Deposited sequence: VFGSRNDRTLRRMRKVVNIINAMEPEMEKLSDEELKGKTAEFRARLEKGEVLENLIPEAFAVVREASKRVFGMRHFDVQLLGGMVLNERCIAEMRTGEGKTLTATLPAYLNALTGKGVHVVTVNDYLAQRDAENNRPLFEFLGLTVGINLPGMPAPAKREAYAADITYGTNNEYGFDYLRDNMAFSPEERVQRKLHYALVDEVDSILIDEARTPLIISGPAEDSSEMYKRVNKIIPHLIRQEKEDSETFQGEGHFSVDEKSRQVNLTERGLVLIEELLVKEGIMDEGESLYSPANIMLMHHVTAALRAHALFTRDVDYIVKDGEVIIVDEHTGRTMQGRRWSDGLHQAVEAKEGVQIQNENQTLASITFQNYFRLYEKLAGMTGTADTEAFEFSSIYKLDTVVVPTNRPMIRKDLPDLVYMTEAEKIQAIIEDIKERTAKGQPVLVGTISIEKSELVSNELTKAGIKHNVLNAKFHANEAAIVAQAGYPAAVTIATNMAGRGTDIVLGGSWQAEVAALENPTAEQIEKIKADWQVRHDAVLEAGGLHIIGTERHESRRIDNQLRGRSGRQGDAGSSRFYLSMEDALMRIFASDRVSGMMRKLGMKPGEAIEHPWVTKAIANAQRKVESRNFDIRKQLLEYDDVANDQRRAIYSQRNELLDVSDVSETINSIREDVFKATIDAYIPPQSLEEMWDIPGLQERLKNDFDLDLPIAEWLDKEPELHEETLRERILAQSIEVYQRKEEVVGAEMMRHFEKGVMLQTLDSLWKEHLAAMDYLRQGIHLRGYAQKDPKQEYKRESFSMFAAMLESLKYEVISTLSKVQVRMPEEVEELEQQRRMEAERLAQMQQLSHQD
């Protein structure tokens, strides 16, 4: 499950490890050739996963030679996880970027492409350029997809062995491809593998975010409207293979599984994680909390230990700062108005006895180097030189080791966030890459968070334990109590969310159906058989409206049928004439004459234009009618859902009823798609010369 699959993966790592000597002997150009060899074997029927050891050994030697970086064993494990339908949890500083080169290479081999998905355009370009030398070294091409990029350049990016771009541009390209009128206009290939770089934002926070293409199609002054829509969740769901990465930034494993059927695997850190996460401390009042924070700081800084303090607001950043100053403790506040000051502060935040106050600390942040960053120190130098550097490093080693000795970076959370993943991000700022460190969070009985115990009498019991000034005790049940509360908030929030996804699933299955139909049309030149086929459906249904099947003549509405055929099929037949003249004519033979006549008329239009022109007109009419009924259906499904509140209630589930109305409305649209296609083809004015 975790260490069952991990102990199985460790066996493979040993084999990759056992292969390095073999790989070290290989020439650069022999490493290049392995890719072609792997593909030959796949062509002969080999199973991809059988290639992982050799493939991963190849990638690791290529990196060594190219980046001067050798994947660690835990990065091998990470890369195996990402080949499966999984989230690899890898802690910050663990080299997720380099790890991702592994499953990208592996899943590039079948020739079906890879989509590495980034949170923004800077990272897509940056990661494509950084990795392009590695992948070219192994005979693979690298694409980059950006907004604004012309279609032929996008096709090229999707045609590469491995592609980089944001979630957004991938999703938009998919939508635009399902508005194409010829398959050649498509930019994407089949959606094979999506490797998602930060799944918390991309897959969880953005799951239900619609991606929309809008337009003034406004067939009938004229408005904007949705022409094509998909949510992120339902986009990523289209891929054959989906995987992603995040930091020990978890608490949401159950959600990945619900939303995506993604398992999450906790990947072990390269070095033992030794940060001491100390029990949560609870105080009656904010003031006694702050005095406690100040006394911890005072104590640790006197020992040489740097501290980073996270708060939830500027106001609270100010308060602890003023109180530190009142206590004589030098520090810096990270002030979001002064970015240059911020980078300068951050740089020396791991310096002996440094104290930094940060307001709503981000995810990941700049690494805090213990003892200071000495690279900032030469960065400063205007003519850096040898003896000069060496003195700096050597003075730094001493500081670094003194900071480690003193316990590494201490993190203080002055409050907890309602989301523990945020708390976890702050805390993860310390103890990176094996470094000594610690963390402590402070709560008061005032703290907003003491409100997710949805009871003022419950919470205020903790008062009767006392919290008594200096005479703190520590109670670790509190830490788990608080963690559990945070768990229940997420879980409550997700139940709500999961109901909203069950509504989303109605639109998803409708979209999937209409698009797969649209794509079957798009993929062929000749839509004849379908046309012929729906023509009989349309005439049957149209005739049934005036001639109830197997009715006597007296129930028939021939006047009404005649006009209908005139009005909608430009088909003006003397049906009354027929009946009143042939006492042979039964209902079935009337149905045929009518059908036959439509056909004869259409065949002469074809004779004028030519077959090819006609085949492509049919196809375009189908796609175009499909598109405009879908647009109309999207708008109507939107009105339907937003009116979900007072429709299903007296023992019926709303939904059950929405699913009913939705089914009925989708069913009707497909009938109406056949109607409108045959109506258009029937009515197309062609100007006819003689014979």
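For this chain, the deposited residues without C-alpha positions form the stretches 1 to 4, 225 to 357, 829 to 853, given in sequence order.
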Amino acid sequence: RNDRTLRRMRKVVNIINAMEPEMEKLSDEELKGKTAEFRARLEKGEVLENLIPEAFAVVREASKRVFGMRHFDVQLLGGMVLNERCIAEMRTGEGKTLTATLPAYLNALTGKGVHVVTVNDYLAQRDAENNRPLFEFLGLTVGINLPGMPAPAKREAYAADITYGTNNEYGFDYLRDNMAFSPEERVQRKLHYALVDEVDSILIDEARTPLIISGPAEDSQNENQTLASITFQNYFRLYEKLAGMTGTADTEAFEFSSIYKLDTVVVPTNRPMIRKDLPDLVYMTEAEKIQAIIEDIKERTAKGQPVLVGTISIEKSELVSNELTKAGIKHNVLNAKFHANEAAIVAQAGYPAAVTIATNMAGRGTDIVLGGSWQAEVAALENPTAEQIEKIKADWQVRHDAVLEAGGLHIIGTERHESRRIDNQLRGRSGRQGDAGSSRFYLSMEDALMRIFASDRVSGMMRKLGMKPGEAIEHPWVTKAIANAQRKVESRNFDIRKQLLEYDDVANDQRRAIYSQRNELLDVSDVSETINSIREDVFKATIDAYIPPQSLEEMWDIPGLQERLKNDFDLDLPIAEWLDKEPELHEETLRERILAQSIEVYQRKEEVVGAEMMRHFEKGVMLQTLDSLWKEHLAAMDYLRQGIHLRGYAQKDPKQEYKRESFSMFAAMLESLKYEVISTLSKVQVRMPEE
From here on, numbers count along this sequence of modelled residues.
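Modelling of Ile575 is complete across the other compared entries in which both of its neighbours are modelled; not even a third of them leave it out. Coverage remark for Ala217: absent from the model in at least one third of the other entries compared whose chains are built on both sides. Mean CA temperature factor is higher for 358 to 366 when stretches 358 to 366 and 299 to 307 are set side by side in the entry.
Per the PDB record, of the two stretches 135 to 143 and 379 to 387, 379 to 387 carries the greater mean B-factor over its C-alpha atoms. Between the residues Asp557, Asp544, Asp280, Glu612, the entry's highest C-alpha temperature factor is the one at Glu612.
Listed residues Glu592, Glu323, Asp505, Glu240 were ranked by CA B-factor as deposited; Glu592 comes out on top. Compared with the other modelled residues of the chain, the Cα B-factor recorded for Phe67 ranks in the middle third.
In the PDB entry, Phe617 places in the lowest third of its chain by CA B-factor.
The deposited CA B-factor of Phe539 belongs to the lowest third of values across its chain. For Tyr122, the recorded CA B-factor ranks within the middle third of the chain. Only modelled residues enter the ranking. Among all modelled residues in its chain, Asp568 ranks in the lowest third by Cα B-factor.
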